[PDB]
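Peer 1: Below are the structure tokens for one structure; questions will follow.
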Amino acid sequence: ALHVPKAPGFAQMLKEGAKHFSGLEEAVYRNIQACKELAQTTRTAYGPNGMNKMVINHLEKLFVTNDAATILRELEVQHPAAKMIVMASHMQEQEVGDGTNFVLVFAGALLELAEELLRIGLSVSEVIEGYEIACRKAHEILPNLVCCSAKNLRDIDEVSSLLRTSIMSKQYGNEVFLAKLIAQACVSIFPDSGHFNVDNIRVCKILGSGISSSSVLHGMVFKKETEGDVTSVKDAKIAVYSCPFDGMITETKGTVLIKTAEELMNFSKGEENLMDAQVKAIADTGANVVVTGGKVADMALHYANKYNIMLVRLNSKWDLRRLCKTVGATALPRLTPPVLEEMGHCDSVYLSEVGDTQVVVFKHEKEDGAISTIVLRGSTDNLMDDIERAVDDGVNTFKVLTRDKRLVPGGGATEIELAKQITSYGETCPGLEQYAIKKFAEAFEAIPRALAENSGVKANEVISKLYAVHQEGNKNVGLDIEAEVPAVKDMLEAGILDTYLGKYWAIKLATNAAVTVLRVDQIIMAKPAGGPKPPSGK
Amino acid sequence: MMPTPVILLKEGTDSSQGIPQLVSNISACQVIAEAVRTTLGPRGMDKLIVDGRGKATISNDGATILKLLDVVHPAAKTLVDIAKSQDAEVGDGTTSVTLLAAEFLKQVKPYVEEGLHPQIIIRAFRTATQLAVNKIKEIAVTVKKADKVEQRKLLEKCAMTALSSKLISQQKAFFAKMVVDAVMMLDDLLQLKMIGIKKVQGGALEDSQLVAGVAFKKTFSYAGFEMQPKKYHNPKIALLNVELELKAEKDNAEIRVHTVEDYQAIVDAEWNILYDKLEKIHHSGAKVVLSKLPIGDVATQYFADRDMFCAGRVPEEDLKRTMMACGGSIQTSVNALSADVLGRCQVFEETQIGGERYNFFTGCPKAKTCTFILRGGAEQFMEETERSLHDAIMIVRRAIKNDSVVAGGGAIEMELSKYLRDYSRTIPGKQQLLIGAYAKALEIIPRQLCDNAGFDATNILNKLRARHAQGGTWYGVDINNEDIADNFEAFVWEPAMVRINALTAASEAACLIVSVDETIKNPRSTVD
Amino acid sequence: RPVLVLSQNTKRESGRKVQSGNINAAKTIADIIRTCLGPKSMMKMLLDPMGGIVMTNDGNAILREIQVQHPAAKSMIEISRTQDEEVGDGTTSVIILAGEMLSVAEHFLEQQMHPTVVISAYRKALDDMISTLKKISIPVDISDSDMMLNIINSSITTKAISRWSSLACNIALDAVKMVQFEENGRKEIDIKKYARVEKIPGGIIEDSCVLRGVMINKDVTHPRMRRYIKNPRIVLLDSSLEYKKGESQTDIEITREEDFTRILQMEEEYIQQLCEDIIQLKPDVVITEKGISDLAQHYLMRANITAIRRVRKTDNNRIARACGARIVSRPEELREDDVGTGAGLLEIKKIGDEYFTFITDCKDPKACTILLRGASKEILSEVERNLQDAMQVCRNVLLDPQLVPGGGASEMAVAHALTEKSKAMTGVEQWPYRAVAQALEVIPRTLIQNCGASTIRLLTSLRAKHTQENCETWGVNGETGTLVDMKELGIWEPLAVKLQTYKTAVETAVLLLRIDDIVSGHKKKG
Ligand SMILES: Nc1ncnc2c1ncn2[C@@H]1O[C@H](COP(=O)(O)OP(=O)(O)O)[C@@H](O)[C@H]1O
Ligand SMILES: Nc1ncnc2c1ncn2[C@@H]1O[C@H](COP(=O)(O)OP(=O)(O)O)[C@@H](O)[C@H]1O
Ligand SMILES: Nc1ncnc2c1ncn2[C@@H]1O[C@H](COP(=O)(O)OP(=O)(O)O)[C@@H](O)[C@H]1O
Ligand SMILES: [Mg+2]
Ligand SMILES: [Mg+2]
Ligand SMILES: [Mg+2]
């Protein structure tokens, strides 16, 4: 009468380190609590007034940023439900590029209200059905909330205004300058063909002069020095070789078989003469710049210096391909002189020093080309990394705008209007699904509430004013962060807008993650293993 | 808290958030700034740091001291990073940046403790920094004459100002003249690799010399080297990248013979290959032979028999400097040793410097490179002399790029503080307090100078403030007379870029530190 | 070396984490015993650290038999103990109510509302709840035994003794009625001291009864005594009937030959004198809390007096109350008024393998014993706990003759009244007021959940019913999961119990909402 034995059946059959959780209280509420904890951890970084977080991973690498996806990447999340929500957020990041914090906040609010509904007496299936119906209703309503279209993408000022909002959430102090930079870089890219490639925007981070000194360059910048003595070319005729700048060798096996003294005396002289002839043949085509992906032989460098040819060595083949795209050249597999079609042209190639690092610049004078580069200055590596994340968000926003040109008001205006419309719809639906629909509508309040909380004002007053104005009939009125008291203003004139695809995909993924978390009824966790990572992830 | 049977994050994760976290960040930044406080000014002091290996490093340079410290506080590492940034972009001011950043954070700490929103502080810092940079650009003194004498004097004064805080401050005029002379002979890019720094133990500081040419240590001479003459009066120099040794023709080469006559022919062929290389070198008229690759004993004796000089295994950068000074070209092949690819110097000589043999290439009229030979009684002595000369070299290069100067000794910062206080007195009042805090924080450098000198910081600061308010822009701390003086008339000159970068970096660091509200530390993996 | 402005073993927590932890701990405490409420409650087995087993569904016992580490859980345990001591009923209800109120308060704490506003709203709601509960109360004629039995039955309908309802109700009513006492203008009940509950394992539960007297596990000192006396005259004592040493050191010095025998003979003569002084009153039974000498036993049997020794002081006080006697510490001062006449029978009979003394025919006794027979000691312990609940409810009704409807009717009526009052608040604290008002619905919700019916449909129907005018007596039928008029089912409960439950729950919510910092690890410094 002093110990409670394990119940016969599954409990006794379970392994040593394994864990089994079944039923509402033991599984679903625990999962909802974990998801709410994750959402609360990420919540404080939402919106322009979000606060950066110093996250140190297991490798003592410091990340300071307010990007939700990055924070979740660098956090050692252990709970399976939080892992599922993180997967949904990362899927949103991959599909669109922005809105991860929205996904996390919406999923957390949905799961909290789902717990509340289950407590009042609703079943999991009823909650899931109501959530799906409300998600369908929201997706139907969303196209009607579009306020304006991009209507142009080759302009500079207009696209900069479009991209300001996406990079106002991060780097709230100075977003106009970054918007102008990213707009110029993206407008250089994106030719008459409607296809826009994100990879074509390169970011080179050079330390020292503060981010206000950053610039956009039409070309590529490589942080290294030249192999030769020529360090500046004014009418570059770059020839790109994917082979080492050396005499080609047999792939099977090499062995110089010498049988007479004449061959021994003449071998090196003949090899030198052959390589000199090859280099002179390359130079005769007019190529004053040579780029190679392999090593450079000493005799090769000597004969290139003799004929005044600039040598640049690119170890990474991705950089070689990007340079070929930039200049318009073809990577020769051999060391043959290039024909006129394969010889790329760049209007200026030179060796330069920016701050401390030595750089080689392939600079075009036109405002065009396949690849454009943004050189970022700054006083800290972490600050430059955060600016790079903001640049990535802006570029992804531009890509989304190229895909779909429709926009919706930001600052919680769209969320408040969606909540109002879904509540109105659910007020008419009979049956137990109305509770789930109303809770789904209420879950949209977490966005303006989080914005107001981060801004430092009372959330309830802001939400009440938003409902009042929206009931009056103003669908473009949202939170005004430039005030010390709860206030709202029309945000079509303010230019604070969000991409339609971003909201659509964020809502879809958040609802899917919430319903998938709710569907789980039992958890059977195996004993944790200390393996050297799964082989899939290397 | 609750046990939470399945916990969210990995066990051992430490999280800190709220006002205490930011206050602790500010305190850590203060701790970091305290480690370099006494290194600022002519009355500054050096620091000695010993690593785990037992090797001690002695430095007055703020960036070096911060790098040596193994800082692990995430907020404190920002000060080290901005010091590195200031060293990279400018090269001077690595202590002022940290002092300014820590002073900004210290001044705004009371407002943080009251619950003021960090975004307001960040906006105030951004506004104050923009205004201060604009004021610096407005009031900086420049001369639009391009006079060579005036430009050289300005460069020398800037170098003296950059040098009057190090152990070589007693010979600051001598070293500043040397540094200006060295920099003025760089061609257009001012590459640092074109200025060689050689440290030879023994001798006084004044024994250090600048070679209008190139000099490097003797490199493992083989047998027969001592028969080579060690002085030439108009030598032609053959810069080569060639291994002058008896060796296998190629790594994969193989010789197959079936007759003793062919065996003798092969041996004589190897000897003839080497002798043909040597004869092609000799017929070029060159008297000094420098090679990047080894030169064997056979080649050494061959050159000694011809009254020639050889030096193999010369470091690549030394060969590059020799090419830039004498004016030849590094040849990987000796088949075409025309007069175009041969260097030329007035005098080549091998002398002894403190128990070491050095090869001197002097008399180069078209030299585009230099070589500092620094003499000192200790290894760390020479290292810190090199660091000081590097600071001076960066200052002189930046002054070459743009000849805009402001008075030092805290005069520029007192003027900026007065300007910012005057501006802040004309705004609503929420930003007024923060901009006034920024202006008060700019007064750290003159106060630190007075504290290091053993002065009365309060009285000097009061006199400086009154003088700036009642008229006078370049009035700063006079260390010698324990008073204030017109530092512009005292030739305490700094390039405007130094203070511009210092203010920009310090403001960025302060804004980054303030912008953080939560710190998360994941547990270490593979602690072992 | 390590400075440590504070001690190393001191750990401090502050902020939102402390509030969330406190509310979660209270919720967990409530969840432990949520399923032990209502007529369809399921019992639980508690394993004591000493090796014993407690099988019960009483909330206070379950929470008392649990050791916790979180101090909020300790506060909840103390709350349950306070509710048990003050009124004896409503422990599960008060725990559940405190948990629900703390949950709805955490709702607001997650937003930017200060806990002081929530506390003020809670106190206003507590005043309104008290007012409404007093309003919806009904009076009771205590002279009507049927109403008292019905009230007790409603009290014990949810316990394991409900299968024998009439028997337990009659036992509790008779015990409380006959232990009721009044003297010098002061009225008292004192169920704790008198109305002792004695359980003898074995027999059948139907044989349990309340005796018109007392029972002790004692036997006569000598086999020649009388084990059956018709109308005994009982004398109770504190002092031993044996020779004892004096307080002061009293060494004797014997030099004569006849002194030793004289000392022994005087010891015998002292015993004889004490026995003769006792006999002078002509009693039949002598009870002592201390030993009785064998020579004293002989002298008492010489006068045909039955003697019992080594009786507990509480038992002797209960005997004095039952037979109307007075304890006397000096036999030479024994008065006639001290002799206990009024006991109508004394019998020493053997139950099982032990002798028990019965004084069980007293006329107008002010003390009683409850003889419980059952399957085992755990069943009898649960029966004793249920009888304690019944007697506490009876005493509360006798002191306060007010009643309120049960079955969650009072909860819903008070919640509706507070919701109606809340629409005129027009302030910022109206939301916590309404939330804590509707938090009362957790009792009908728990009843419906335990019954197994649909919570949402029944709760909505009950709310709609309570929105009408004369529907404050509409609750939940705990057995069938149906809405019934509570005055038809007739499960009423004392107003004092409901008031205590509401007050204690709201005060617990106020106390736990007030704390945001926790520091632990410091020494006791006692
Ligand atoms: N100037 C502004 N005023 C008010 N709200 C804004 C402003 N700029 C952006 N927002 C809001 O901030 C939200 C973006 O939050 P963000 O930190 O970007 O999260 P995510 O990266 O997940 O989108 C958008 O929903 C937008 O409505
Ligand atoms: N002769 C001088 N008189 C007064 N102050 C000086 C003088 N020379 C340098 N300073 C001050 O010393 C400061 C720089 O100190 P130093 O340690 O040399 O460089 P760093 O800025 O890297 O600390 C400058 O702010 C300058 O005003
Ligand atoms: N027959 C019944 N039908 C419906 N409700 C009942 C019935 N009997 C009791 N109740 C309700 O059950 C509650 C008593 O539950 P109980 O287990 O005694 O909790 P506690 O021990 O905390 O008093 C009372 O509020 C009463 O309204
Ligand atoms: Mg975003
Ligand atoms: Mg300096
Ligand atoms: Mg009860």
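Using Swiss-Prot numbers, chain A covers 2-539, in order.
For this deposited structure, the header notes the method as electron microscopy, 2.9 Å.
In case you wondered, yes, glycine gets a Cβ from its N, Cα and C as well.
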Peer 1: Please state which member of A:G10, A:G255, A:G412 Swiss-Prot lists alongside A:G100, A:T101, A:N102, A:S170, A:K171, A:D499, A:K504 for binding ATP.
Peer 2: A:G412
Peer 1: Based on what Swiss-Prot says, identify which of A:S194, A:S213, A:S353, A:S425 is the phosphoserine one.
Peer 2: A:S213
Peer 1: Going by Swiss-Prot alone, which of A:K7, A:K281, A:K466 is annotated as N6-acetyllysine?
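Peer 2: Among A:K7, A:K281, A:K466, the one Swiss-Prot marks as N6-acetyllysine is A:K466.
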Peer 1: From the recorded positions A:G100, A:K254, A:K260, A:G412, pick the residue whose C-alpha lies nearest to the C-alpha of A:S537 (phosphoserine).
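Peer 2: That would be A:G100, nearest by Cα distance.
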Peer 1: If we take A:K224, A:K260, A:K318 as the recorded positions, which have a Cβ under 8 Å from chain B?
Peer 2: A:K260
Peer 1: Would you mind listing, in sequence order, any of the recorded positions A:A2, A:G100, A:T101, A:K459, A:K504 that have a CB less than 8 A from a CB of chain C?
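Peer 2: Answer, by Cβ distance to chain C: A:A2, A:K459.
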Peer 1: Checking the recorded positions A:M169, A:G412, A:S537: which ones have Cβ within under 6 Å of ligand 1?
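Peer 2: The qualifying recorded positions are A:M169, A:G412.
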Peer 1: Check each residue in the chain of A:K534 (SUMO2 cross-link) that is at least six apart in sequence and keep those whose C-beta is under 8 Å from its C-beta; list them in sequence order.
Peer 2: none
Peer 1: Work out the three-state DSSP category of A:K171 (ADP binding site).
Peer 2: coil
Peer 1: Quick one: of the recorded positions A:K171, A:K224, A:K400, which has its CA closest to the CA of A:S213 (phosphoserine)?
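Peer 2: In terms of Cα distance, A:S213 (phosphoserine) lies closest to A:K171.
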Peer 1: Taking DSSP three-state, what's A:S23 (phosphoserine) in: helix, strand or coil?
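Peer 2: It is in a strand.
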Peer 1: Within 10 Å of A:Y47 (ADP binding site), Cα to Cα, which of the recorded positions A:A2, A:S162, A:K459, A:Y505, A:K539 are there?
Peer 2: none
Peer 1: Which whole-number value in Å describes the distance between the Cα atoms of A:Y505 (phosphotyrosine) and A:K171 (ADP binding site)?
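Peer 2: Distance (Cα to Cα, whole Å): 21 Å.
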Peer 1: Ten-angstrom check, please: count other Cβ atoms within 10 Å of the Cβ of A:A2 (N-acetylalanine), all chains counted.
Peer 2: 9
Peer 1: Give me the non-local Cβ neighbours of A:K466 (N6-acetyllysine): same chain, 6+ apart in sequence, Cβ-Cβ under 8 Å, ordered along the sequence.
Peer 2: A:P487, A:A488, A:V489
Peer 1: Using CB under 6 Å from any atom of ligand 4, narrow the recorded positions A:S317, A:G412, A:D499, A:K539 to the ones that qualify.
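Peer 2: Not one meets the Cβ criterion.
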Peer 1: Between A:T101 (ATP binding site) and A:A2 (N-acetylalanine), find the distance joining the two CA atoms and give it rounded to the nearest Å.
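Peer 2: Checking the Cα atoms of A:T101 (ATP binding site) and A:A2 (N-acetylalanine) gives a distance of 54 Å.
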